[PDB]
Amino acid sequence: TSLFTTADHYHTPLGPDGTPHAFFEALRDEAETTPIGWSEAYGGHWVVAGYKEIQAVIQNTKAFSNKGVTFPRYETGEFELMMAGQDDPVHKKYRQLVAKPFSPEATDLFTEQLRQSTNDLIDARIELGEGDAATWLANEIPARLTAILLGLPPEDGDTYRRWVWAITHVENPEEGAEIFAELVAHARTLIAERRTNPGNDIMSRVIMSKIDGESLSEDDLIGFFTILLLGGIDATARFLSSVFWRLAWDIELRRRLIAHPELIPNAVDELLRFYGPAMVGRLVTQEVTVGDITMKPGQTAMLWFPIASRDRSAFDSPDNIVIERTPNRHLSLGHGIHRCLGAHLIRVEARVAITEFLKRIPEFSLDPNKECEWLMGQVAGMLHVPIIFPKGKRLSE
């Protein structure tokens, strides 16, 4: 039988370590024979697993549209996902609006603020000898930075996370769509505020932008607010969560990063290749053949980046975290026109989070009396990472 037949990104079998990795490795093995397979989940769709097959699809925008970027579609009411859910020429026009603020140069001005914030966060529990690395640190670092970027209150991470939960999971329609509406209500308030009292944040910038000389509609602005809050907060928190979990038990990886801080940027890349949370969809717009498979219009193809990132044709020793790996052309941040807008930013956030955490708490391990939990979906990673460590001292407060 085939692992593709029941492949489902929201229901990936977990191995004894609590991750979907044993399954990903088995699927990677089958993909060497069958790089694309049909899954009966979600009414029938294609699962693209080979690295070259994903390349092939992602590069063919004529036949594979981003109208199917999320599948099943994320709950955003009547709003489309800004940039992510569009094809050119529309997609390019909107992305040029936010390209500067997201340029490495524009985000790098937050680097030291990130370091300080990460250290202030660690201070909150270093004296306690225990904490859930995901909720205490991984969820907070990107949520607080994203907040500041969008001109939102850094302290309300919990309300933002609830909106994301609704958008990506919450199985009850009414629920998910009603909570997404709460995000919309808040966006509208924020937009009206910035309209009169502009700031230096990204929302203020797009609010004052124009396409074809005309100002953006409130719907377009809510669209930007949404995709940026989701991007900045979801995958980033699940990726950092998975990295803290890995460093909690992998004493070998951990000691090397402490001994060779200079290898951290490279390691972050390798860790992005191994724990990349994302899987993305494409809507088929015309008959197209990729490998042995011919897809039909209206069908959906899911790009299983985690499998391709383990393709022996593209990576030597794919199942090992080789921190000195270079070049590392993983597909965790996409490729082509939809590349992740937040690529440099997640790299800096991880670099900073890892560096300061290991500097502050070099010794720690998973809590033997509390459970870890892995969230599945289009953005997958550890949701809870209870750890313990010797009690330490705050830097401030």
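The numbering used is simple: start at 1 and walk along the sequence shown.
Visitor: Highest mean C-alpha temperature factor of the two stretches 274-282 and 212-220, which is it?
Guide: Averaging CA B-factors over each stretch, the winner is 212-220.
Visitor: Look up the CA B-factors in the entry and say which stretch, 169-177 or 222-230, has the higher mean.
Guide: Going by the record's values, the stretch with the higher mean is 169-177.
Visitor: Kindly indicate the residue among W249, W304, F315, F79 with the greatest C-alpha B-factor in the PDB record.
Guide: Among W249, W304, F315, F79, the PDB entry lists the largest C-alpha B-factor for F79.
Visitor: If you check the C-alpha B-factor for each of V268, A308, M203, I321 in the entry, which is highest?
Guide: Comparing C-alpha B-factors across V268, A308, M203, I321, the top value belongs to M203.
Visitor: Give the position of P297 by CA B-factor within its chain, expressed as the lowest, middle or highest third.
Guide: Top third by C-alpha B-factor.
Visitor: If you rank every modelled residue in this chain by C-alpha B factor, which third holds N369: lowest, middle or highest?
Guide: Tercile = highest for this residue's CA B-factor.
Visitor: Classify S242 as lowest, middle or highest third according to the C-alpha B-factor given in the PDB entry, relative to its own chain.
Guide: It falls in the bottom third of the chain.
Visitor: Looking at the C-alpha B-factor of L395, is it in the lowest, middle or highest third of its chain?
Guide: According to the entry, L395 has a C-alpha B-factor in the chain's highest third.
Visitor: Just say lowest, middle or highest third for the CA B-factor of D132 relative to the other modelled residues in its chain.
Guide: For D132, whose C-alpha B-factor we compare with every modelled residue in the chain, the answer is the middle third.
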